[PDB]
Amino acid sequence: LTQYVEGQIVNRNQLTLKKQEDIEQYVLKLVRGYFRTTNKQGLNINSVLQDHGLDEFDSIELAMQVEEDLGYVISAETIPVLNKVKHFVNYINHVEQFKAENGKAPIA
Amino acid sequence: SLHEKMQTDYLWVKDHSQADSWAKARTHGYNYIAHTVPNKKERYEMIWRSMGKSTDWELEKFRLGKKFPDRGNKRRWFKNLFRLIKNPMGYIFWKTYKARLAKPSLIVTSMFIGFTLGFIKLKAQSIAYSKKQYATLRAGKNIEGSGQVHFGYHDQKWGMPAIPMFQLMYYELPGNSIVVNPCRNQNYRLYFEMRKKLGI
Amino acid sequence: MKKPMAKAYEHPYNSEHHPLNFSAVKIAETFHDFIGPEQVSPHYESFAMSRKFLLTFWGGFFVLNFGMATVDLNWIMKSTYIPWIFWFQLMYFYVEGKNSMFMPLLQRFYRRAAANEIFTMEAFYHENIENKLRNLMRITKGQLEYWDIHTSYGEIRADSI
Amino acid sequence: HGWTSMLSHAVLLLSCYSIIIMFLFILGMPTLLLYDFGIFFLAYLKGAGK
Amino acid sequence: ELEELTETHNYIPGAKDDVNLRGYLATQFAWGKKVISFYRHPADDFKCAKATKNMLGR
Amino acid sequence: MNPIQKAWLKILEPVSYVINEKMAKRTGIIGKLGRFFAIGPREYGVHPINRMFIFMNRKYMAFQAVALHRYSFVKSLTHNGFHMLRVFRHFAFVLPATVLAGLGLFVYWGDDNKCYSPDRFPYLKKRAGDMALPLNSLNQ
Amino acid sequence: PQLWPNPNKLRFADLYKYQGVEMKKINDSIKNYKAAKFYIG
Amino acid sequence: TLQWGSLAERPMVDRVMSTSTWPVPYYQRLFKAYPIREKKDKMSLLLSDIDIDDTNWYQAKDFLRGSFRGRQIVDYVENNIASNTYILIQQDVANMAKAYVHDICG
Amino acid sequence: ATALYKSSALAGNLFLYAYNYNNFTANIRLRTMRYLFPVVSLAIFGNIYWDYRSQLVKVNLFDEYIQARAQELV
Amino acid sequence: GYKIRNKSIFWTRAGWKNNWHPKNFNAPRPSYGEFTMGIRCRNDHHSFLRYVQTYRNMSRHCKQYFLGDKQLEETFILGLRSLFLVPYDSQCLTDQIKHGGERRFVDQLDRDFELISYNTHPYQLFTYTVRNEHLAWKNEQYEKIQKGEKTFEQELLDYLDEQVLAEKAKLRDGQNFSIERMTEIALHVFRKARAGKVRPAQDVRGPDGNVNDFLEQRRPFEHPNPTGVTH
């Protein structure tokens, strides 16, 4: 549960959003933090990642960071469909709703 | 760098003679002359120019002065012999680099190695035959002449021609295949029976 | 200045004298340590031509040494006759006969001609790479012209008023 | 084979073994190919029956 | 990069080079003039085999 | 410079003082003799035999890495991993087995190391002073 | 820079504690010898 | 020519001097000696003719962030510039001229 | 002398592995040597020690027989 | 310079500069369903998702040994993308490769990740060495700045700033200080500084045609026997 951060071991924390407004604010902060993202302030809920300097491989790095913060296990079949900010928000809702009903994480 | 002077001195040998420290003994190039190079006559002109500048083109001074050998070439054959013993493969590699720039075909290289190793193989058999003649001499047969190329009325055996035809039909006698008969091991039956008789 | 990291990861099974992975470069380094540096002669004449008489003595000494030692030298000469005739008549065409008979077999020449051209390309490496940069530098200089125009707008706006 | 003249008492030792190696592994190439075809291997060779 | 070609057993010269210019210089007069295909590994084998109604899979 | 050369220095420390400080600068012949047998860093002190091993070890190891790094014959039998048609899969373990057999290259060198030499004919010639004997000497 | 070791102008104590590129290779080989104690053992 | 002399004097014909010195050392140097495998302070010569790419703006930010003015430039560009890439290429003066007519009205 | 040479040659293999420990251990391309080096080394030691041990038993049987048989003939 | 003169240099039996589908006898041919009994083929439609998972594996398994170095992670990402963007930008028509270019590259990248998972890939060992040499130099600068001392890089920057003032104060006729003139000022200082350092000889030949090595000592012979160590 611990990771190196600039040569120092730091305890990593996990997030539990469970709310639509918390999901949108997290995803926006997630994409803005990525070093390849352009026009960070022009980024809105309906922003296409291709319009901000992101390609299919940058979506993998973004999804890899979601598994770090939220603790998800996202399969490789789902990653290539995450091409908008809206897609990350709807996917996070689908995972939390799936775990609230099925009592287990989605298939990985 | 830091370890350059130490490592360069450790890797290679330098010249310890101070032959050229003496001014008048320095050669003009007339001691070891190249005879067949295409610029041969340009070498002689430079030697003549060196002799003329030393005497201000009054060569009578050279005739009256003493002539010296090339002291820088002293003990050069010994120095190459010591480098050959120090690193034989490194000496051979660099002395043959210019010659090995032209590489003959795989066929020619194989012919060189084949005939060379084949000649050494015949030499080894010739040495072994000399030991046979020494054993024959000690066994009581005096030997006139030498070798196995019988001049008289005897059969000769020339040695296997180093071509695949004879190398498929014949092969040399391997001495390690001549063994003591395994019936020798049956004498150990005497030991097993003796041990039981003695209650061992 | 922010304090940087103390060090990166240090691999426990990789060293300079014992590199973990293999290539011809490390083998080339150990090869030249073995054969040593290029044995540069400092003299005015080569060693063979200066000692022709002496090397001829030692050349014939070992010939006589082998000749005096080999008492059955005639048996070796006769034993070598058959393979000498056989291998030379068999490989004559592939070595020499092809140069004036049925087929040239220029495969080995094609390898010399390609390598001779690469020798020239390496000799002109600095020239060819410098011409390629002249076009990239031209593109870079063209993009830097927009900043030169902008730096004069403040002077233009002031002089226009 | 000239460089192997002193490696044994037979100059053609490596050639005599290689001709057997060449025979065995070439003989096994068709056998492994039929194994790759599977149980249908006969249909790959002759085709459909009549 | 030379160690990467060796450790992955990509020992076909010029396989990962987009323009194997050395491969073209070596085959200027070769029979069946061809250069290695891009990123060809010496171990991969894409051979197939089919059984048809005719012989030899035709 | 190696530990064996440094061990010689501590033993020859007083000898180096007599040669380098006293003899190497006294005068005349004693000076020339002391400057010739001076003690210090070995000029041309590299050991080519050490270097011959390092080169040949590295070159033979790169060959071991290639011959031992093969795709498995067993894994290709099911046609479910990476190999559908491999008509020469039965050659996959020849090079690995050949490199592993090279470990006994020096252990079994010559005839004496592959058998019990006293039961062979060549042993009798060595005990006879490397002398030729009749081929049936082991029987008589 | 000017204090770099010279094979001619060298002290006895400096040569004994030189520790050059030859020793750096050996120290790497020694690390392999020590790490192989359990395997060889 | 193809007739250069005897075999013993073959290594003699190779040397070509740039000075007038006599006698001339015959040996023609083949390579440069490389006794110590030292890591060169020189940058790699592979970085020769690579076109513009992502490493140019990534290193520009790293060197700009070493200054106070550069830190302001980087922050404003990555936040308040509507561009789909950091590889900025000026192919027209549309954004420049329209920024001047919207400014000189005062 | 044979048993001593083959023991020194086997010791040479252990040095070859130790001198190249990092490559034989960390490089997966040499995994087969790392795995099967101890199996081959045990077989080599097995042959060396088997030959020495069997030779030693045969010498003891010979020595004890010539002494027992000599006393009977006396 | 020198240009290839053979106009047919890039000609192959399959076309100009064709390194995607070389011409061979056993050419691919179609299969007809109604006439095919059985088939043995290894091709599938799994390369796309395998390409995505391989990128995630190579990225995440390499970041294990970065010690949280954020700049190194971002630099490694740029390098990792350059490895995966090869088939998308190459001159070679990767979509026309003989037996499926997608499968070929995915299997090729899997061999790289296998080495990466063991932390033995040469790109990894090269990254640790390059980063250690870089951080050692950054730590040297940090220790000099904490001590109030001026770094060698700041001395040149300060020295180059006063050179531009001196040149633009004497160049009053023209007032266009181009980047060409700015460059040759720095290069004149860089050459003088590089020649000042005690560096190993990089060029083959010095001012004369002779080589700059320790082996380039010819006659005249003027060196005595080597002297021993002093006590």
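Lettered A, B, C, D, E, F, G, H, I and J in written order, each chain numbered from 1.
Quick note on the criterion: a residue touches a chain if its C-beta (ideal position, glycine included) is under 8 Å from a C-beta of that chain, and two chains touch if they have at least 3 such contacts.
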Closest chain to the protein's overall Cα mean, using per-chain Cα means, please. C
Comparing G-I with B-J, the one with more C-beta contacts is B-J
Between chain C and chain E, what's the gap in Å when you average each chain's C-alpha atoms? 27
In whole angstrom, how far does the Cα centroid of chain A sit from the Cα centroid of chain I? 63
Approximately how many whole Å separate the CA-defined centres of chain C and chain J? 22
Centroid spacing, where centroids are CA-atom means, of chain A and chain E in whole angstrom: 41
Give me the residues of chain H that touch two or more other chains. 6, 9, 11-12, 23, 25, 27, 29-30, 33, 35-36, 38, 54, 58
Residues of chain I that contact two or more other chains, please. 19-20, 22-23, 25-29
Could you say which residues in chain J touch two or more other chains, in rising order? 37-38, 40-42, 66-67, 69, 74, 81, 107, 115, 120, 122, 198, 200, 214-219, 221, 224-227, 229-231
Chain C to chain E touching residues, read off their complex: 21-25, 106, 110-111, 114, 117-118
Within their complex, state which residues of chain D touch chain F. 25, 28-29, 32-33, 36
Interfacial residue positions of chain G with respect to chain I in the complex: 29, 32-33, 35-36, 39-40
Residue set of chain J touching chain H in the complex reads 71, 74-75, 78, 81, 133, 199-202, 204, 208-216, 218-219
In the complex with chain I, residue positions of chain C that touch it: 13-15, 18, 20-21
